[PDB]
Amino acid sequence: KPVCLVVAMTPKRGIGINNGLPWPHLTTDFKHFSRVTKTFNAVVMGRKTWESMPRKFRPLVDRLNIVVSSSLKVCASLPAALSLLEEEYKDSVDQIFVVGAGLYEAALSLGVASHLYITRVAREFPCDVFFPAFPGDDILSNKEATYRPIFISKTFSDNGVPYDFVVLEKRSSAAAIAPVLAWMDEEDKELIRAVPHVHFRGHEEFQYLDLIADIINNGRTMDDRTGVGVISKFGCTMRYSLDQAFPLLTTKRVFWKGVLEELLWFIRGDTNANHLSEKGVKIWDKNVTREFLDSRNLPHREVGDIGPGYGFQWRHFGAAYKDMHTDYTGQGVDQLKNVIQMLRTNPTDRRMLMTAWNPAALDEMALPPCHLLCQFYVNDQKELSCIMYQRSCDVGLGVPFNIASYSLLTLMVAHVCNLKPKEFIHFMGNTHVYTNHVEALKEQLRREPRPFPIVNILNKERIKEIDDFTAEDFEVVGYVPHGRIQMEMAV
Amino acid sequence: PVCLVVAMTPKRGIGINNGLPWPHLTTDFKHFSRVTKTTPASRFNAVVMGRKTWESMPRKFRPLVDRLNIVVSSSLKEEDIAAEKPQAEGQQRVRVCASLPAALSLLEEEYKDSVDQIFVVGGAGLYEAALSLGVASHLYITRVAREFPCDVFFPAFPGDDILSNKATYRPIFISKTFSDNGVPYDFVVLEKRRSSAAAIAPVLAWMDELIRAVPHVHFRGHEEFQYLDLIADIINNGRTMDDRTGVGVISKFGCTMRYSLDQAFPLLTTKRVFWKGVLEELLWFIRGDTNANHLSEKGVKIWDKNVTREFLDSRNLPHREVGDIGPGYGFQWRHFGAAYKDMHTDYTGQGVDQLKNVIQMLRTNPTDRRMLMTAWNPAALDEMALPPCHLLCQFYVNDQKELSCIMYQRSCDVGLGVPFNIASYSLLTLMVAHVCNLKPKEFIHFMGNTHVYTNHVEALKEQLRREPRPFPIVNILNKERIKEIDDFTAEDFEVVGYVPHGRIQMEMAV
Ligand SMILES: NC(=O)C1=CN([C@@H]2O[C@H](COP(=O)(O)OP(=O)(O)OC[C@H]3O[C@@H](n4cnc5c(N)ncnc54)[C@H](OP(=O)(O)O)[C@@H]3O)[C@@H](O)[C@H]2O)C=CC1
Ligand SMILES: NC(=O)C1=CN([C@@H]2O[C@H](COP(=O)(O)OP(=O)(O)OC[C@H]3O[C@@H](n4cnc5c(N)ncnc54)[C@H](OP(=O)(O)O)[C@@H]3O)[C@@H](O)[C@H]2O)C=CC1
Ligand SMILES: Nc1nc(=O)c2nc(CNc3ccc(C(=O)N[C@@H](CCC(=O)O)C(=O)O)cc3)cnc2[nH]1
Ligand SMILES: Nc1nc(=O)c2nc(CNc3ccc(C(=O)N[C@@H](CCC(=O)O)C(=O)O)cc3)cnc2[nH]1
Ligand SMILES: Nc1nc2[nH]c3cccc(Sc4cccc5ccccc45)c3c2c(=O)[nH]1
Ligand SMILES: Nc1nc2[nH]c3cccc(Sc4cccc5ccccc45)c3c2c(=O)[nH]1
Ligand SMILES: O=c1ccn([C@H]2C[C@H](O)[C@@H](COP(=O)(O)O)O2)c(=O)[nH]1
Ligand SMILES: O=c1ccn([C@H]2C[C@H](O)[C@@H](COP(=O)(O)O)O2)c(=O)[nH]1
């Protein structure tokens, strides 16, 4: 006699308002509901919940319907509803479902619900009816029997609303092949793993989490420039979808403002880190101090001057660098402008690359570029995709930031080229985890990911060229991450 | 139901002078032991061999422990074997039969409920007989890639195309290439053909949804299956797009392969690869040479079609002498940023020597994360005959002084160029590793615009019907003479055990 609850709730567990739905229509969510609820099967709903549905849908087809009330033309309680399912319908019924509040709380207090099919609406909406609090609430936001998640899906989106799908539970020729696989596997301590209780791992952040796990379990312990020491692998790959949502990581809060401002910085081709630091974005400071510049044999550099790096190569590749106050307009190659031009005139060209790796300028820069190359790609559906190669990856600190950065860049380019963002492909060379990050990361790996937010470009009508973007033309919608996890930057 | 187990040269050789044709193959021996011994308690396995095989085995190892030993002979007797060495406790007494049917009859008559599997172990006579009777269900074949002097050969059997070029025995298992004592080899298995979590499958059911290379091969350990599956995947899921050349293309974006370099060399075997080409062109790169004619008059015409007067003009470069590729690949490698003139100019000391940089950094500071070589220089692109495809490579060293290399390729002609590139940068990795006193571990292939040309699709479809052969071994000769990257010549290499399929004609998209 098992029972399952099927729901769609906000992070604040809101499910309704004015006897209806808080959010605009969620197509994929409805397909999910309709598919899950049938394989006949039975659905049980409250009095008002039956009224919430349009008349043309009210008899939920191919499923035994059970309204519970004491007024209408149908059981008088949830236990009665179950009894009606046990006595008759004992044959032909498979599993049961419960689909409003009070019925949910009845099912929970009576402790009959074994599994929870929750649709995590990432956005909050005005509500007057909420899903009851329960052990496992951690899966919605940062608020003995307990509900452990087992299924976490890819982030979907409809009408500007991002959401997830999670499932919770209460807590001859092979024989011939076998003995060879045996000895081949034999040769060759305790494997760590991102939230192992989750068997069906559809969320794209599991790429990152499993990357961390794989590096900790299968990497080599090495030294480096910083003297901190790392655990590293070589040649790693991720890729994040961009059509439904935005890969702003959720297992820890990512410095979005930092991402955005640093990217706008890059695009302007600014090499002055003080412009970043004065906006509260001080990700560059420790690498543009007098001490570090002097360690780089650059005593003639002003504090803040990152030299001819990243942006300067982007907009003025091969140009002679003076200082962070010099106007380099017209000089060098404008890789960004060329990439955009070729995108807008001839998208089938396979030479649409932007490089930051200039051997003739390396020694002149504060830090050699990590993300040193990106390449763009269009298909027949006007869908833009971007590959970014990274020579060196601080998995704990820098990688999420980079994902966000180049995904954002892809969004912007896609907008100014009348293209639809599709995918960001992340290619990584030296992929390493700093030894003084390991424990914090092991803390992070116990966190189940939340729905990806969607990033909207505001004032699209006003924005026609890549230079036209400002720090106020973006909104981050439906971002519900775990708490910040502090990690010191190995200088 | 009997299984045969063998080790074999491409020309089906298995022995010489009542011994093995090759040096000791330890992993092959481990394979043999584990295959012939492992039982799920009560029963043991039986091994049946000919007299000469028994005599070929060393005294200490015979009879094969924990296995019932049956010898087919007419001259030998059971007491001949019994008086050869005292039977150890717990072991079975060695039996002697006058034929294979006699062996099997014995096995059924007084070893039922006693033995599990029956393995024919050698030699040519027993293999021949076993194939004649049709009792052989599976063949455990250890394909040795090198050819050796042999006076005894495994018989000809339908489906022996898994050895060399020409009811059936089709492969179901093909492993990665191992190597011992300069001998490359792999293992294949032929077959005679002629509400815990379950309640969550419905959500999987609505999130759930043609061409495949050699689908009968269930275990696909061979690393060439990366390439084959890459082809099949591009064909099935790729998008048909227009193209710079006018020929149609089917493309995907963001593709990954990686090949091992510690055991053998990834010179693709499902078609013959122009090794002379990859070698000469790589040396050509290292010299910083921009003169395609130097490649052409050595028999490597791979650049001609892109350095013709016509093409050079279509590139808006009438000033270029025929054959001058401009400031590309090698030129950026050895002289990045240097001002170009022509292919006859001396450039020593000009620009950045990325190769020497990388090598020195490898020899002195192997944990540096800036070991890169790039040929993508936006300034000199319009001066080049063709913008670099393999445009960037990065190196890596770990615990055990092992070198790994990633190469990023913006554009990838899968059918034509990709194998050549693989071979190329794998070779580069070998050379660099030798020059830096390191062990080659891995070449990693990162691919941007990955595509096949529409005039190649039929040929690739043809190519996917071929199961791969053991990877060869690329030996560096005259190591003592070679101390620097420039010290290499064309005769300092040796491809060993390369047994590829026939060439497949595919015209270059101009
Ligand atoms: N987002 C989502 O997934 C879903 C949202 N909703 C939303 O929820 C709201 C409807 O839920 P809610 O307003 O809580 O009302 P319900 O639809 O759950 O029904 C409440 C009525 O059902 C009867 N009832 C419920 N529980 C019991 C009980 N334990 N014993 C006896 N009778 C019971 C009572 O009828 P009587 O007075 O006749 O005794 C009561 O007035 C709407 O806003 C709806 O749109 C609904 C379903 C799913
Ligand atoms: N690489 C590999 O996988 C293997 C290689 N080898 C090599 O092969 C060589 C030995 O093979 P080979 O020379 O063919 O010798 P075999 O091992 O086949 O032995 C031949 C002898 O066995 C008896 N015999 C074999 N078949 C029959 C039959 N059908 N009917 C009756 N009697 C039979 C006869 O014994 P009698 O004369 O006593 O009557 C015959 O002289 C050696 O070089 C060995 O090292 C062997 C096994 C595996
Ligand atoms: N995850 C979840 N999402 C929901 O929207 C939801 N809604 C309810 C109650 N509201 C409704 C409103 C309309 C229909 C409905 O018309 N269903 C049809 C159409 C499915 C479709 O549009 O594809 C059905 O036959 O399933 C169902 C439930 C209960 N549990 C839920 N659970
Ligand atoms: N695949 C294959 N490889 C072989 O070398 C081979 N050799 C023979 C005949 N020659 C020999 C000679 C010695 C031993 C031997 O001593 N074998 C040990 C393996 C040692 C180990 O455990 O690694 C055994 O116990 O089987 C076996 C076969 C027959 N079939 C073969 N089949
Ligand atoms: N070891 C190491 N060095 C780094 N240098 C950086 C320069 C700019 C951004 C970055 S990435 C970054 C991204 C987000 C937050 C950060 C906070 C402090 C320091 C760096 C942050 C780095 C960076 C890094 O992430 N790790
Ligand atoms: N469509 C297409 N155009 C190409 N132009 C090239 C210029 C240099 C090498 C190459 S790739 C290549 C490189 C070296 C040898 C080859 C031998 C036969 C076929 C291709 C070879 C190309 C090339 C290509 O592979 N495909
Ligand atoms: O965007 C960035 C910038 C820096 N880093 C990290 C990677 C390396 O830890 C370090 C650079 O040091 P070298 O690779 O230059 O030695 O900074 C990133 O992951 N992403
Ligand atoms: O080493 C090489 C050189 C060239 N090409 C192919 C890729 C493209 O199909 C073709 C033409 O170049 P673009 O149109 O991508 O420039 O050359 C390779 O695959 N590998």
# chains A, B, ... in the order shown; residues from 1 in each chain; ligands from 1
call {"tool": "residues_around", "arguments": {"residues": "range 298-310 of chain A", "least_positions_apart": "5", "cutoff": "10 Å", "atoms": "only C-alpha atoms", "output": "ChimeraX atom specification"}}
result
/A:265-267,269-277,284-293,315-325,355-358,361-373
call {"tool": "residues_near_ligand", "arguments": {"ligand": "ligand 1", "cutoff": "8 Å", "atoms": "only C-alpha atoms and all ligand atoms", "output": "number ranges by chain"}}
result
A: 6-9, 14-22, 45-53, 68-72, 76-78, 99-106, 119, 128-130
call {"tool": "write_last_selection", "arguments": {"atoms": "N, CA and C atoms", "output": "tab-separated table (two decimals), in the first residue's frame"}}
result
chain	number	residue	atom	x	y	z
A	6	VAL	N	3.01	14.14	-5.43
A	6	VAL	CA	3.49	14.84	-6.62
A	6	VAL	C	3.21	16.34	-6.49
A	7	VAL	N	4.27	17.14	-6.51
A	7	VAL	CA	4.15	18.57	-6.21
A	7	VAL	C	5.01	19.48	-7.09
A	8	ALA	N	4.64	20.75	-7.11
A	8	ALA	CA	5.46	21.80	-7.69
A	8	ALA	C	5.47	23.00	-6.74
A	9	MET	N	6.61	23.25	-6.11
A	9	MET	CA	6.68	24.27	-5.07
A	9	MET	C	7.86	25.23	-5.23
A	14	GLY	N	5.86	27.33	-1.34
A	14	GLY	CA	4.57	27.84	-1.79
A	14	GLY	C	4.05	27.04	-2.97
A	15	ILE	N	2.75	26.75	-2.98
A	15	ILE	CA	2.18	25.93	-4.05
A	15	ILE	C	0.94	26.53	-4.70
A	16	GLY	N	0.38	27.58	-4.11
A	16	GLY	CA	-0.83	28.16	-4.66
A	16	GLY	C	-1.24	29.51	-4.12
A	17	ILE	N	-2.14	30.17	-4.85
A	17	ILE	CA	-2.71	31.44	-4.42
A	17	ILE	C	-4.03	31.68	-5.15
A	18	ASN	N	-5.04	32.12	-4.39
A	18	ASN	CA	-6.39	32.33	-4.90
A	18	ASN	C	-6.92	31.08	-5.60
A	19	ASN	N	-6.72	29.93	-4.96
A	19	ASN	CA	-7.16	28.64	-5.48
A	19	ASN	C	-6.67	28.40	-6.91
A	20	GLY	N	-5.39	28.70	-7.14
A	20	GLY	CA	-4.79	28.52	-8.45
A	20	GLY	C	-3.29	28.40	-8.34
A	21	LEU	N	-2.60	28.55	-9.47
A	21	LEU	CA	-1.15	28.41	-9.49
A	21	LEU	C	-0.45	29.76	-9.42
A	22	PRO	N	0.61	29.85	-8.61
A	22	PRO	CA	1.39	31.07	-8.36
A	22	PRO	C	2.17	31.52	-9.59
A	45	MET	N	-7.02	13.85	-4.75
A	45	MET	CA	-6.95	15.30	-4.64
A	45	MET	C	-7.98	15.86	-3.66
A	46	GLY	N	-7.67	17.03	-3.12
A	46	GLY	CA	-8.56	17.68	-2.17
A	46	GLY	C	-9.76	18.30	-2.85
A	47	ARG	N	-10.65	18.89	-2.05
A	47	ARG	CA	-11.89	19.47	-2.56
A	47	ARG	C	-11.60	20.63	-3.50
A	48	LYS	N	-10.87	21.61	-3.01
A	48	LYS	CA	-10.58	22.82	-3.78
A	48	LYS	C	-9.66	22.54	-4.97
A	49	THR	N	-8.81	21.53	-4.83
A	49	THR	CA	-7.86	21.15	-5.87
A	49	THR	C	-8.59	20.69	-7.13
A	50	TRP	N	-9.73	20.03	-6.94
A	50	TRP	CA	-10.57	19.58	-8.04
A	50	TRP	C	-11.16	20.78	-8.77
A	51	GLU	N	-11.48	21.82	-8.01
A	51	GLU	CA	-12.06	23.03	-8.58
A	51	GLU	C	-11.01	23.87	-9.30
A	52	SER	N	-9.77	23.76	-8.86
A	52	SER	CA	-8.67	24.51	-9.47
A	52	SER	C	-8.49	24.14	-10.94
A	53	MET	N	-8.79	22.89	-11.27
A	53	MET	CA	-8.62	22.40	-12.64
A	53	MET	C	-9.75	22.84	-13.56
A	68	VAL	N	-11.55	14.30	-2.26
A	68	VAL	CA	-11.96	14.12	-0.87
A	68	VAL	C	-12.60	15.39	-0.30
A	69	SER	N	-13.78	15.22	0.28
A	69	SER	CA	-14.52	16.33	0.87
A	69	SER	C	-15.66	15.81	1.75
A	70	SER	N	-16.66	16.65	1.96
A	70	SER	CA	-17.85	16.26	2.70
A	70	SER	C	-19.07	17.01	2.18
A	71	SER	N	-18.89	17.68	1.05
A	71	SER	CA	-19.94	18.54	0.51
A	71	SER	C	-20.39	18.13	-0.90
A	72	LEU	N	-19.46	17.65	-1.71
A	72	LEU	CA	-19.73	17.46	-3.14
A	72	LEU	C	-20.36	16.12	-3.50
A	76	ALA	N	-14.49	10.83	2.31
A	76	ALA	CA	-14.64	11.86	3.32
A	76	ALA	C	-13.34	12.17	4.05
A	77	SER	N	-12.30	11.40	3.73
A	77	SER	CA	-10.98	11.62	4.30
A	77	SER	C	-9.95	10.86	3.48
A	78	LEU	N	-8.67	11.15	3.72
A	78	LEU	CA	-7.59	10.43	3.05
A	78	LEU	C	-7.52	8.96	3.47
A	99	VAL	N	-2.16	14.58	-5.23
A	99	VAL	CA	-1.85	15.78	-6.00
A	99	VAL	C	-2.58	17.02	-5.50
A	100	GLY	N	-4.06	18.93	-2.87
A	100	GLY	CA	-3.52	20.20	-2.39
A	100	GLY	C	-3.04	20.11	-0.96
A	101	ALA	N	-2.68	21.25	-0.38
A	101	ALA	CA	-2.21	21.28	1.01
A	101	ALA	C	-3.31	20.82	1.94
A	102	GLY	N	-2.92	20.28	3.09
A	102	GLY	CA	-3.90	19.67	3.97
A	102	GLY	C	-4.01	18.20	3.64
A	103	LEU	N	-4.08	17.89	2.35
A	103	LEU	CA	-4.03	16.50	1.90
A	103	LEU	C	-2.59	16.02	1.99
A	104	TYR	N	-1.67	16.89	1.59
A	104	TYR	CA	-0.24	16.64	1.74
A	104	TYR	C	0.11	16.46	3.21
A	105	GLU	N	-0.39	17.36	4.05
A	105	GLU	CA	-0.07	17.33	5.48
A	105	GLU	C	-0.77	16.15	6.15
A	106	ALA	N	-1.90	15.73	5.59
A	106	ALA	CA	-2.59	14.55	6.08
A	106	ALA	C	-1.76	13.32	5.79
A	119	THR	N	8.67	19.19	-7.91
A	119	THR	CA	9.15	20.11	-8.93
A	119	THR	C	9.63	21.40	-8.27
A	128	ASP	N	-0.47	31.98	-0.80
A	128	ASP	CA	-1.22	31.94	0.45
A	128	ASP	C	-1.41	30.49	0.90
A	129	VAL	N	-0.88	29.56	0.13
A	129	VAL	CA	-0.98	28.14	0.45
A	129	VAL	C	0.37	27.44	0.27
A	130	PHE	N	0.86	26.83	1.34
A	130	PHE	CA	2.21	26.28	1.35
A	130	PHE	C	2.26	24.78	1.62
call {"tool": "select_by_dssp", "arguments": {"residues": "range 266-414 of chain B", "states": "strand (DSSP E or B)", "output": "ChimeraX atom specification"}}
result
/B:291,324,336,352,372-374,390-397,402-413
call {"tool": "write_last_selection", "arguments": {"atoms": "N, CA, C and O atoms", "output": "tab-separated table (two decimals), in the first residue's frame"}}
result
chain	number	residue	atom	x	y	z
B	291	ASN	N	58.83	25.98	-46.37
B	291	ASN	CA	58.97	25.62	-47.77
B	291	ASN	C	58.34	24.25	-48.05
B	291	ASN	O	58.95	23.22	-47.75
B	324	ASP	N	55.47	28.42	-50.65
B	324	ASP	CA	55.63	29.18	-49.42
B	324	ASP	C	54.32	29.26	-48.65
B	324	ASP	O	53.38	29.93	-49.07
B	336	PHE	N	57.94	32.66	-33.02
B	336	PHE	CA	56.66	33.35	-32.85
B	336	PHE	C	56.80	34.87	-32.89
B	336	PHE	O	57.64	35.45	-32.20
B	352	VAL	N	59.97	34.22	-30.77
B	352	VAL	CA	59.99	33.36	-29.59
B	352	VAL	C	60.11	31.88	-29.97
B	352	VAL	O	59.35	31.38	-30.80
B	372	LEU	N	53.34	25.70	-22.97
B	372	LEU	CA	52.48	25.68	-24.14
B	372	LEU	C	53.19	26.13	-25.41
B	372	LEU	O	54.16	26.88	-25.38
B	373	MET	N	52.68	25.64	-26.54
B	373	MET	CA	53.18	26.02	-27.84
B	373	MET	C	51.98	26.37	-28.71
B	373	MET	O	51.09	25.54	-28.92
B	374	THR	N	51.93	27.60	-29.20
B	374	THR	CA	50.80	28.03	-30.02
B	374	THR	C	51.25	28.52	-31.38
B	374	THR	O	52.33	29.09	-31.53
B	390	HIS	N	45.67	22.41	-36.09
B	390	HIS	CA	46.31	22.04	-34.83
B	390	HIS	C	47.12	23.24	-34.36
B	390	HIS	O	48.27	23.41	-34.75
B	391	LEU	N	46.51	24.06	-33.51
B	391	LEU	CA	47.02	25.41	-33.26
B	391	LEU	C	47.69	25.60	-31.90
B	391	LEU	O	48.35	26.61	-31.67
B	392	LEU	N	47.51	24.64	-31.00
B	392	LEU	CA	47.99	24.80	-29.63
B	392	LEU	C	48.21	23.47	-28.93
B	392	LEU	O	47.35	22.59	-28.98
B	393	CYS	N	49.35	23.31	-28.27
B	393	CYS	CA	49.59	22.10	-27.50
B	393	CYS	C	50.20	22.42	-26.14
B	393	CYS	O	50.98	23.36	-26.00
B	394	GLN	N	49.82	21.63	-25.13
B	394	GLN	CA	50.29	21.83	-23.77
B	394	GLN	C	50.79	20.52	-23.17
B	394	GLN	O	50.20	19.46	-23.40
B	395	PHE	N	51.87	20.59	-22.39
B	395	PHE	CA	52.48	19.39	-21.82
B	395	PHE	C	52.29	19.30	-20.31
B	395	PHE	O	51.92	20.27	-19.65
B	396	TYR	N	52.56	18.11	-19.77
B	396	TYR	CA	52.27	17.82	-18.37
B	396	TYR	C	53.15	16.68	-17.85
B	396	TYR	O	53.33	15.67	-18.53
B	397	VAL	N	53.69	16.84	-16.65
B	397	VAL	CA	54.50	15.81	-16.02
B	397	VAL	C	53.99	15.52	-14.61
B	397	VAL	O	53.65	16.44	-13.87
B	402	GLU	N	56.34	11.13	-16.04
B	402	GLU	CA	55.60	10.71	-17.22
B	402	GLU	C	55.00	11.92	-17.95
B	402	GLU	O	54.36	12.77	-17.33
B	403	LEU	N	55.21	11.98	-19.26
B	403	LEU	CA	54.77	13.12	-20.04
B	403	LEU	C	53.41	12.87	-20.70
B	403	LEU	O	53.15	11.79	-21.22
B	404	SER	N	52.56	13.89	-20.65
B	404	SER	CA	51.27	13.87	-21.33
B	404	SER	C	51.10	15.16	-22.14
B	404	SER	O	51.65	16.20	-21.77
B	405	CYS	N	50.35	15.08	-23.22
B	405	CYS	CA	50.22	16.22	-24.13
B	405	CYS	C	48.80	16.39	-24.66
B	405	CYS	O	48.20	15.45	-25.17
B	406	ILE	N	48.27	17.60	-24.52
B	406	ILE	CA	46.99	17.96	-25.11
B	406	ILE	C	47.20	18.80	-26.36
B	406	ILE	O	48.00	19.74	-26.34
B	407	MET	N	46.49	18.49	-27.44
B	407	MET	CA	46.50	19.34	-28.61
B	407	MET	C	45.09	19.78	-28.95
B	407	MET	O	44.19	18.96	-29.09
B	408	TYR	N	44.90	21.09	-29.07
B	408	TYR	CA	43.60	21.64	-29.44
B	408	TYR	C	43.55	21.91	-30.94
B	408	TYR	O	44.43	22.58	-31.49
B	409	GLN	N	42.52	21.38	-31.59
B	409	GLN	CA	42.38	21.53	-33.03
B	409	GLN	C	41.06	22.21	-33.36
B	409	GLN	O	39.99	21.69	-33.05
B	410	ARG	N	41.13	23.39	-33.97
B	410	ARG	CA	39.94	24.18	-34.25
B	410	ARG	C	39.05	23.49	-35.28
B	410	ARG	O	37.83	23.48	-35.16
B	411	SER	N	39.68	22.91	-36.30
B	411	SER	CA	38.96	22.26	-37.38
B	411	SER	C	39.54	20.88	-37.63
B	411	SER	O	40.76	20.71	-37.68
B	412	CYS	N	38.67	19.89	-37.78
B	412	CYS	CA	39.12	18.50	-37.86
B	412	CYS	C	38.45	17.71	-38.98
B	412	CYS	O	37.31	17.27	-38.84
B	413	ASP	N	39.17	17.52	-40.08
B	413	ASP	CA	38.75	16.57	-41.10
B	413	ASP	C	38.90	15.17	-40.53
B	413	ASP	O	40.00	14.63	-40.48
call {"tool": "residues_around", "arguments": {"residues": "range 342-352 of chain A", "least_positions_apart": "5", "cutoff": "9 Å", "atoms": "only C-alpha atoms", "output": "list in words"}}
result
residues 335, 337, 374, 375, 376, 377, 378, 379, 382, 416, 417 and 418 of chain A; 241, 242, 243, 244, 387, 389, 410, 411, 448 and 449 of chain B
call {"tool": "atom_distance", "arguments": {"atom1": "CA of residue 204 in chain A", "atom2": "CA of residue 407 in chain A"}}
result
13.7 Å
call {"tool": "select_by_dssp", "arguments": {"residues": "range 234-465 of chain B", "states": "alpha helix (DSSP H)", "output": "VMD selection string"}}
result
chain B and resid 234 to 237 275 to 286 292 to 296 309 to 314 330 to 335 354 to 364 418 to 435 457 to 463
call {"tool": "atom_distance", "arguments": {"atom1": "atom 41 (O, counted along the ligand's line) of ligand 2", "atom2": "CA of residue 3 in chain B"}}
result
21.2 Å
call {"tool": "residues_around", "arguments": {"residues": "range 162-171 of chain B", "least_positions_apart": "5", "cutoff": "6 Å", "atoms": "only C-alpha atoms", "output": "short mmCIF file (atom, residue, chain, number, x, y, z; two decimals) with C-alpha atoms, in the first residue's frame"}}
result
data_model
loop_
_atom_site.label_atom_id
_atom_site.label_comp_id
_atom_site.auth_asym_id
_atom_site.auth_seq_id
_atom_site.Cartn_x
_atom_site.Cartn_y
_atom_site.Cartn_z
CA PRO B 10 49.65 -11.94 -38.18
CA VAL B 189 37.66 -13.38 -28.12
CA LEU B 190 36.05 -14.96 -31.17
CA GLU B 191 32.70 -16.73 -31.12
CA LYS B 192 31.12 -19.28 -33.45
CA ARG B 193 28.12 -17.56 -35.04
CA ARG B 194 26.99 -19.24 -38.28
CA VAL B 217 32.15 -6.40 -30.78
#
call {"tool": "interface_residues", "arguments": {"of": "chain A", "to": "chain B", "cutoff": "8 Å", "atoms": "only C-alpha atoms", "output": "MDAnalysis selection string"}}
result
chainID A and resid 32 35:36 39 151 167 173 176:177 179:180 183 220:225 234:235 317:318 332:333 335 348:351 355 357:360 368 375 377 379:380 385 387 391:392 425 427 429:430
call {"tool": "residues_around", "arguments": {"residues": "residue 240 in chain A", "least_positions_apart": "2", "cutoff": "9 Å", "atoms": "only C-alpha atoms", "output": "list in words"}}
result
residues 204, 205, 207, 238, 242, 246, 247, 403, 407, 422, 423, 424, 425 and 426 of chain A
call {"tool": "write_last_selection", "arguments": {"atoms": "N, CA and C atoms", "output": "compact mmCIF listing (two decimals), in the first residue's frame"}}
result
# COMPACT_ATOMS: atom_id res chain seq x y z
N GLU A 204 23.47 19.17 -14.19
CA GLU A 204 24.73 19.37 -14.90
C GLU A 204 25.87 19.78 -13.97
N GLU A 205 25.55 20.15 -12.74
CA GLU A 205 26.56 20.52 -11.74
C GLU A 205 27.31 19.28 -11.24
N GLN A 207 28.68 17.33 -13.03
CA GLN A 207 29.92 17.33 -13.79
C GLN A 207 31.04 17.88 -12.92
N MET A 238 34.17 19.51 -19.38
CA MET A 238 32.79 19.70 -18.97
C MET A 238 32.02 20.39 -20.09
N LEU A 242 22.79 25.99 -22.28
CA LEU A 242 22.49 27.40 -22.10
C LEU A 242 21.09 27.81 -22.56
N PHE A 246 21.02 28.96 -16.76
CA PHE A 246 22.40 29.44 -16.71
C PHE A 246 23.19 28.69 -15.65
N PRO A 247 24.38 28.19 -16.01
CA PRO A 247 25.19 27.39 -15.10
C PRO A 247 25.87 28.22 -14.01
N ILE A 403 33.32 29.17 -15.63
CA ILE A 403 32.09 28.67 -16.24
C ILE A 403 31.10 29.81 -16.42
N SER A 407 30.14 31.43 -20.09
CA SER A 407 28.73 31.22 -20.42
C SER A 407 28.07 32.58 -20.65
N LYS A 422 23.29 28.15 -26.80
CA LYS A 422 23.00 26.73 -26.75
C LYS A 422 23.85 25.99 -25.73
N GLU A 423 25.16 26.21 -25.78
CA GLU A 423 26.08 25.39 -25.01
C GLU A 423 27.42 26.07 -24.75
N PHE A 424 27.96 25.86 -23.55
CA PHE A 424 29.34 26.23 -23.26
C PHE A 424 30.17 24.98 -23.02
N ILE A 425 31.21 24.80 -23.82
CA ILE A 425 32.07 23.64 -23.66
C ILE A 425 33.39 24.04 -23.01
N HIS A 426 33.69 23.39 -21.90
CA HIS A 426 34.84 23.73 -21.07
C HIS A 426 35.96 22.70 -21.18
call {"tool": "residues_near_ligand", "arguments": {"ligand": "ligand 2", "cutoff": "6 Å", "atoms": "only C-alpha atoms and all ligand atoms", "output": "MDAnalysis selection string"}}
result
chainID B and resid 6:8 14:20 49:53 56 72:76 98:99 121:126 129 152
call {"tool": "atom_distance", "arguments": {"atom1": "CA of residue 245 in chain B", "atom2": "atom 10 (C, counted along the ligand's line) of ligand 6"}}
result
13.4 Å
call {"tool": "residues_near_ligand", "arguments": {"ligand": "ligand 5", "cutoff": "6 Å", "atoms": "only C-alpha atoms and all ligand atoms", "output": "ChimeraX atom specification"}}
result
/A:255,283-284,394,397-398,401,489-491
call {"tool": "residues_near_ligand", "arguments": {"ligand": "ligand 6", "cutoff": "10 Å", "atoms": "only C-alpha atoms and all ligand atoms", "output": "PyMOL selection string"}}
result
chain B and resi 244-245+247+273-282+300-307+325+385-390+411-421+424+451-453+505-510
call {"tool": "residues_around", "arguments": {"residues": "residue 259 in chain A", "least_positions_apart": "6", "cutoff": "9 Å", "atoms": "only C-alpha atoms", "output": "MDAnalysis selection string"}}
result
chainID A and resid 281 401:402 404:405 408
call {"tool": "residues_around", "arguments": {"residues": "residue 434 in chain B", "least_positions_apart": "3", "cutoff": "12 Å", "atoms": "only C-alpha atoms", "output": "list in words"}}
result
residues 359, 362, 363, 401, 402, 403, 427, 428, 429, 430, 431, 437, 438, 439, 440, 441, 475, 476, 477, 478, 479, 480, 481, 482, 483, 484, 485, 487 and 488 of chain B
